[PDB]
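# Secondary and tertiary structure notes
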Amino acid sequence: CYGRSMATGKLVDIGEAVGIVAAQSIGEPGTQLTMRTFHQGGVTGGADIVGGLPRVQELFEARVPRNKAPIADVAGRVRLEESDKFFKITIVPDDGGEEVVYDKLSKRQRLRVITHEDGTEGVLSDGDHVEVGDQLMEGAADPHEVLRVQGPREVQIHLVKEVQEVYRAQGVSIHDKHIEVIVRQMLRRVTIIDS
Amino acid sequence: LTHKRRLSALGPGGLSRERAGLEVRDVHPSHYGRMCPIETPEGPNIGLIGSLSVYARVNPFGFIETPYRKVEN
Amino acid sequence: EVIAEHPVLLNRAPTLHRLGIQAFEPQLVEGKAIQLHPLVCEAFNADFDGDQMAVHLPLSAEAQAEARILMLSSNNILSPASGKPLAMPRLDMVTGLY
Amino acid sequence: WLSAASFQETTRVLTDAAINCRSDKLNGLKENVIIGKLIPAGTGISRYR
Amino acid sequence: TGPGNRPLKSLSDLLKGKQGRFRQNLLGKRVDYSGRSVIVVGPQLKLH
Amino acid sequence: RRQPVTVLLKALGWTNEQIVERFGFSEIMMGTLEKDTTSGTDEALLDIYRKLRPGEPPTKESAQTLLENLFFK
Amino acid sequence: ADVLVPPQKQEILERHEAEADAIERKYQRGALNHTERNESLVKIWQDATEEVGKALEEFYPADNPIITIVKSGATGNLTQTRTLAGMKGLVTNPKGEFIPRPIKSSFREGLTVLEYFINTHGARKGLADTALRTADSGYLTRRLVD
Amino acid sequence: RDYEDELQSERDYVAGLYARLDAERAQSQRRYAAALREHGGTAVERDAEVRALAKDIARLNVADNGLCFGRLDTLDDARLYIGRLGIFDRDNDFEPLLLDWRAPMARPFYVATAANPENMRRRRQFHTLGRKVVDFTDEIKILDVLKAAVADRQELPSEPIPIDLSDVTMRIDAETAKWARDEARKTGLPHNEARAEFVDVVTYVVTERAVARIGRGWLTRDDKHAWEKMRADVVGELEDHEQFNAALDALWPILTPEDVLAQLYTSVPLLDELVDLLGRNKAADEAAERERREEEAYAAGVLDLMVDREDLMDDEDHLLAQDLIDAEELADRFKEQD
Ligand SMILES: [Mg+2]
C-alpha cells in the first residue's frame, strides 16, 4: 500500500519508520510557507486569511474553518432564491422526495464558480445541477460535514487534497503518501453511543 | 569606541530579553539623527541595543537632541 | 592506519530532516577545519562562511555497519520527501556545465 | 501511559494509570528510548535482530 | 520555602516540570567520542 | 477601581457650580456630573477614602490626609 | 561595466509619476479617501516596477554575466537583478503597509539618505521576523511526529 | 418609450463597469498566485505583497454583486455614479467612473434634497437583481417588559447578609449589593455574563474588609508581604464558602427563561428571545484552564526542543525564537479563536 520508498526508489522495506519520515518531510519546508502576522499590535489577522501554515493547522487539527462553506446533502436540481440582502438555496432530489434547504447564505460571499473550462458560466445559477457533497459557496468546507454526508474514505481524500493544494500553491513539493500517512491517524477511532 | 557610546534598552527598570517582540525593536522614524538605524547587534539584543549618531549630544534633561541648520526665506 | 575504513557521522543542527546526519569515510588532513564535499551542502543546508559540523564515532560492529550501509552519503542521493535528486550540481557547477 | 506522561500532566497521567493498574506494552518509539531498549523499527525489530 | 524565597522541589516536583524524567530526556544529552569544528569546501573529495 | 472624575474634582475642593461653569464644553463630563451622587467636597474625600481602604475607619481628616499624602508630598 | 541600466527606465518613472500626481489631484478633489489613495498609488508603482523589470529583462544581452548567472538556474532571480540595476520599488513601513512613495534610485546609482532610512525599516523587520518564523514550524513538526 | 432604451443603456454601462471589475480581479489573482509561488524577495516583502493582494481580492469579491446604487447628477451635469468601489479610468486622467459612497464627493447621495440643494440635479436610485439592473427611480412591547423582568432578578438583600467567615464574622449590607449591582449593569453584559462583575465586586469589597479587620492592630504597616497574600487567601476561602455562594444566589443568581418567565407570571417567542438576554456565564470552566495549561505546558517543551545558545555552531550568534516569543504566547497562538 505504501509504494516505493522515495529515498531508494524501490518497494519500501519491512520495518521502515514511515511515520517519522512523513512527519519530517511535512515539517521541513514549513518555514517556506506564508504565516500569520507577528504584530501584537494592530488588528486580528484571522479575517485576512493567508493560505499557508494557518490553513495547514486548520486542516490537520480537524477544526471547523472560520470561513466555512456549505455542501449539498442530496443531489438534485438547485433552486436559488434571492432576498433583500441574504439568499436561500434549495435542492430538490431527482431520485427522491423531500428537498433540502440552506438559508443562512448571504450575498456578501461569492457563489461557487463552476470550474469546467468549456462551460465558462462561472457562478452556479438557478436551475443548475449538483451532486451529493458538492460545495455551494467559495471557501473551505467542513471536514465533519463531509464525514457526515459521505463515508470515511471520502473525508480522508478531501483532507489530503486540501493539504496538498495548500503546500503546492507555494512551490513546496511533497508526495501524497506522506499526507495520507498523517491523515490516517485521524480516523483510527470509533465513538460508541450505546453498549 | 562604539562600546562607550552605546544605547541599551534593558537592565534595571528596562525590558526583558524574552519580551517586546517586533514592537520596541523596530526602526521608528525618529531615529534619524539621534540613533543609528542600521548598526545594531544581530544577537538576542537586536534593536534593543543601538549606537548614538555622529552629531548628537544628550540634553541636560536626558533627551537626545541633534543639530540642524536654520533656514529663513 | 587505524582510521582506515572507519565511518564517521557528520551532523549539522538543526536536523530538520534525516539527511542532516550522514556517514563519511574520514581521511587525515593537516589543519583545523573539516573538509566537506560540495554536493552534500544542500543536504546539510550549510555554507562555508563560519558554519561548524559535529562529528560522532561509531564503536560497535552493528553501529559501524549501520553507518556504512544505511547512513552512507553515497546511498542518499535522492530526497526522501519527494524523490527529487538532492546531491546534484549547484551554483558554479551549473554555470560550468551550462 | 509512559508515552502519555511525556507531553501531558505527569501527575494526572500517573494517578490515572495507578488507579486503573493498567500496563503499557513497549510498542513504539517514545517509550522504548526512555527504557533504553533499541527501537522496534528498522534493524531493531525481532524479524532481523 | 526554606532559605531564600523559593519553594523546595519535592518528589513530584521532579519528573513533572521542565526538568526531571519524562522530560529532559527528549531534550538532548551529551555524548563521548564526539567533536565539533568549522568546515571548509573540499573539491578533491569523493562523495563518500 | 473606576471612579467618577467629579468625585476627584470635588475632593480637591471643587463644587457643582464651578464644574458646570467651567467644564461646559464637553457633554460626556456633563453626563458624568449628572451620574455623580456626591454633594459636597467633604463627602468626596470620605467616599474616596472608603473606596480605597474600606477596612480602616472612614474619617474626613484622615481622608484628606491620605489624598494629600498620596500625591501632594 | 557589466551592470547595465536600461535607457527606458526614465520614461516609465516619469509617466508613473504623472499618474501618481493625477491620483493626488483626485484625492484633493474628495473623490478618494486616504486609504484608497494609498492603494491606488501602490498599484500604480507596482505596475511601474513590473514594467521596469520587463524592460531590463528585454535589454540585457544574453551573454552578460549578471543575467547569465540568473538564467542558467545557478542562483538568484530577476527581482534581485531589477533591484541591483532597475529600481528598488515600494518598501514596507514598520506597521507593515506599503509606503505610497517608492525608491526610484537603484543601488547601482546609490540610495539617498531618506530612501536608505525608509528602507532600513523592512530590513530590521525581516531580521527580527526570521527567528520567530521557526517557532510555529517547529510546533507543527513536533505535533506531526507525535 | 425611452425607459426600455434608458434601461438598456444603464445595463450596458453596468456591464462596462463589471468588465473593469473582472479584469482587475484577474490581475490581482495572478499577482497573488505569483507572489505565493515565486516572489523571490525578502520574507517580509513577500508577506506584505501577499497580504495586500489577498486583502484587495476580498475587497473586489464583496462588491461582485450590487456594485452600483445609483447615478447622481450635479448642476455641472457630471455623471457621479455611486457604488461600492471607486473605479477610475487610467486612460482619462483617472476620471472617476464610479465614486464610493463613503467618499466626500458622494456625500450628497444622502444629505441632499430639493430643500437642501447641495449643487445636485436629478438623483436616481437603482434596483438590481444579480449583476444587472432591473429598474430605476428618479427624483428631482413585551420586549421591554422582558428586560425589565430580567432586571428584577438583580434584587438587594432585605437584611444584612452575614458571611460567617471562618475567623471573622463578616456582614454584607444593602449598599454593597447596590454598588455591586450598579457595576454589573454598567458593563451592559447579559445577566448571566454580568455575574462575574457582580461576584468580583462583591468578593473584592468583602475580602478587603476581612483582611484589615482580621489583622486590625497587627497588620497595619507590614505591607511587605502581609498586604496582598491575605486577600488572595481570603478570596480562595471565600469563593469556596457555601453560605457566601448561597448569598450570591439569593440576589442576581443564575436565571433561565423558563424559571424567570414562570416566576414573573406566577408572582415561545419570549423564550427564544430571552435566551440571548440570559446568555451564558461559563460557570467555573476549570476544564478550559486545564486545556490552557496543557497547551502552555506543550509549548514550553516545543521551545526547549529547539537549539539552545550553549553550543551554537552558526557563522555568527544570531537571534533565536526563544528571545522573542514565550510559551504562553506560543500556546495562545494556536487557540480556536472562533
Ligand atoms: Mg553560514
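What comes next concerns the included structure. (Residues numbered from 1 in each chain as written, not as in the entry; some residues may be left out. Chains lettered and ligands numbered in written order. Part of a larger assembly, values for the part shown. Heavy atoms only, no water. Residues with missing side-chain atoms left out of burial classes, pairs and counts.)

In terms of regular secondary structure, chain B is built from zero helices and four strands. Reading chain B from its N end, one meets helices and strands in the order β-β-β-β. The dimensions of chain B, computed from C-alpha atoms along their principal axes, are 50 × 25 × 25 Å. Summarising the internal contacts of chain B: among those between residues at least 6 apart in sequence, 42% fall at separations of at least 24. Summing over all exposed atoms, chain B offers an accessible surface of approximately 5400 Å²; the carbon and sulfur share of this is 56%. The distance from the centre of the 10 positive side-chain charges to the centre of the 7 negative ones in chain B is 8 Å. (Helix = DSSP H or I, 4+ residues; strand = E, 2+ residues; numbered from the N terminus. Contact = heavy atoms within 4.5 Å. Areas by Shrake-Rupley, 256 points an atom, 1.4 Å probe, with all protein chains shown as cover. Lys, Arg positive; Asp, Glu negative; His and termini not counted. Charge placed at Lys NZ, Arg CZ, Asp CG, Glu CD.)

Turning to the overall build of chain A, a few remarks are in order. Of the regular secondary structure elements, chain A holds five helices and six strands. Seen in sequence order, chain A has helices and strands lined up from the N terminus as α-α-β-β-β-β-β-β-α-α-α. Overall size of chain A, expressed as C-alpha extent along the three principal axes, is 60 × 50 × 50 Å. The buried share of chain A, reckoned over its 195 residues, is 37%. (Buried < 20%, exposed > 50% of the residue type's maximum accessible area, 1.4 Å probe, protein only.)

To continue, consider the packing of aromatic side chains. Relative to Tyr60 of chain G, the ring of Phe59 of chain G has its centre 6.5 Å away and its plane inclined at 80°; by these criteria the two rings are edge-to-face. Taken together, a centroid distance of 5.5 Å and an interplanar angle of 75° make the contact between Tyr139 of chain G and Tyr298 of chain H edge-to-face. Of this pair, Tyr139 of chain G sits in helix α5 (residues 113-145) while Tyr298 of chain H sits in helix α11 (residues 286-305), placing the two residues on different chains. Pairwise contacts between aromatic rings join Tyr139 of chain G together with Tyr298 and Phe334 of chain H into one cluster. Stacked on the ring of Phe109 of chain H, the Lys or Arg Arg123 of chain H has its end atom at 4.8 Å from the ring centre. When the ring centre of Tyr18 of chain H is taken as reference, the NZ or CZ atom of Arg131 of chain H above it lies at 4.2 Å. (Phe/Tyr/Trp six-rings, centres within 6.5 Å; stacked < 30°, edge-to-face > 60°. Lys NZ or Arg CZ within 6 Å of the ring centre and 35° of its normal.)

What follows deals with the interface of chain H and chain G. Each partner contributes residues to the interface: chain H has 41 residues there, and chain G has 41 residues. At the level of secondary structure, the elements contributing two or more residues to the side of chain H that touches chain G comprise α1 (2-38), α2 (43-62), β4 (95-100), α11 and α12 (327-333) of chain H. Here the element with the most residues in the side of chain H that touches chain G is α2 of chain H; it accounts for ten residues. A class-by-class count of the residues in the side of chain H that touches chain G yields 22 nonpolar, four polar and 15 charged. (Nonpolar A, V, L, I, M, F, W, Y, C, P; charged D, E, K, R; others polar.)

What follows concerns the interface of chain A and chain G. Chain A puts 18 residues into the contact, and the matching count from chain G is 15 residues. Among the secondary structure elements, those contributing two or more residues to the side of chain A that touches chain G are α1 (18-27) and α2 (53-60) of chain A.

Before going further, it helps to examine the sheet that holds strand β3 (residues 87-89) of chain H. Residue and element names in this part refer to chain H. With mixed pairing, six strands are arranged side by side in an open sheet as β3-β4-β2-β1-β5-β6. Each of the sheet's edge strands pairs with one partner strand only, and the pair in question is β3 and β6 (132-139). Between one strand axis and the next, the sheet turns by 20° as a mean value, whatever way the strands run. Two strands pair when backbone bridges link them, and strand β1 (residues 68-74) and strand β5 (residues 120-129) are joined in this way by two bridges, in the antiparallel orientation. Opposite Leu72, over in β5, you have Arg123 as the bridge partner. (Pairing = 2+ DSSP bridges. Axes fitted to C-alpha atoms, helices over the stretch in contact; angles between N-to-C directions.)

With that settled, consider the pattern of salt bridges. Opposite charge on two side chains makes pairing possible when the charged atoms of those side chains draw close. Residue and element names in this part refer to chain H. A salt bridge links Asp285 to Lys282, with the shortest nitrogen-to-oxygen separation between them at 3.0 Å. Close ionic contact of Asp317 with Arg309 constitutes a salt bridge, the shortest N to O distance being 3.2 Å. When salt bridges that share partners are traced, they join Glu6, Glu10, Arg71, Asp73, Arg122, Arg124 and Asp138 into one network. (Salt bridge = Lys/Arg side-chain N within 4 Å of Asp/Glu carboxyl O.)

This brings us to the arrangement of the chains. Contacts between protein chains span 17 pairs of chains, and they are most numerous for chains G and H. You won't find any contact between chain B and chain E; their C-alpha atoms come no closer than 18 Å. Separating chain F from chain G is a minimum C-alpha gap of 29 Å, and the two share no contact.

Right, let's get into the packing of α2 of chain A against α5 of chain G. The contact between α2 of chain A and α5 of chain G brings their axes to 11 Å, and the two run at 25°. Put simply, α2 of chain A runs roughly parallel to α5 of chain G. Between α2 of chain A and α5 of chain G lies a crossing of left-handed hand. Residues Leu53, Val56, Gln57 and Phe60 of chain A of α2 of chain A form the contact with α5 of chain G, whose own contacting residues are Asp136, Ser137, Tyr139, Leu140 and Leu144 of chain G. Of the residues that constitute the contact of α2 of chain A with α5 of chain G, the class distribution is six nonpolar, two polar and one charged. (Parallel < 35°, antiparallel > 145°, perpendicular 65-115°, else oblique. Left-handed = near helix turned anticlockwise from the far one by under 90°.)

Let's shift gears to the sheet that holds strand β2 (residues 87-92) of chain A. All names here are of chain A. Spatial strand order, β3-β2-β1-β6: four strands in an open sheet with antiparallel pairing. With partners counted over all chains shown, the strands left at the sheet margins are β3 (100-102) and β6 (129-130), one partner each. The sheet contact formed by β2 and β3 spans three bridges and is antiparallel. Its bridge partner lying in β3, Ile89 is registered against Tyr102.

In this chain, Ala13 of chain C is followed by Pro14 of chain C through a cis amide linkage whose omega measures 0°. We note that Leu15 of chain E has phi near 45°; this positive angle belongs to a residue other than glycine. Backbone geometry at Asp77 of chain H places phi at a positive 75°, although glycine is not the residue there. The residue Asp77 of chain H is located in the loop between β1 and β2 (79-83) in this model.

Let us look at the packing of α1 of chain A against α5 of chain G. The relative placement of two packed helices comes down to the angle between their axes together with the axis-to-axis distance. Interaxial distance between α1 of chain A and α5 of chain G falls to 9 Å at its minimum, and their mutual angle equals 160°. With respect to their mutual orientation, α1 of chain A and α5 of chain G come out roughly antiparallel. The handedness of the crossing between α1 of chain A and α5 of chain G is right-handed. Across the interface between the two elements, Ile20, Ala23, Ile26 and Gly27 of chain A from α1 of chain A touch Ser137, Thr141, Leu144 and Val145 of chain G from α5 of chain G. Of the residues contributing to the contact of α1 of chain A with α5 of chain G, the split by class is five nonpolar, three polar and no charged.

Residues and elements named next belong to chain E. Within the secondary structure layout, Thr1 lies in the segment before β1 (34-41). Taking the C-alpha atoms as reference points, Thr1 and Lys29, separated by 28 residues in sequence, lie 31 Å from one another. For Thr1, the contacting residues outside a window of four places in its chain are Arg6, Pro7 and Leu8.

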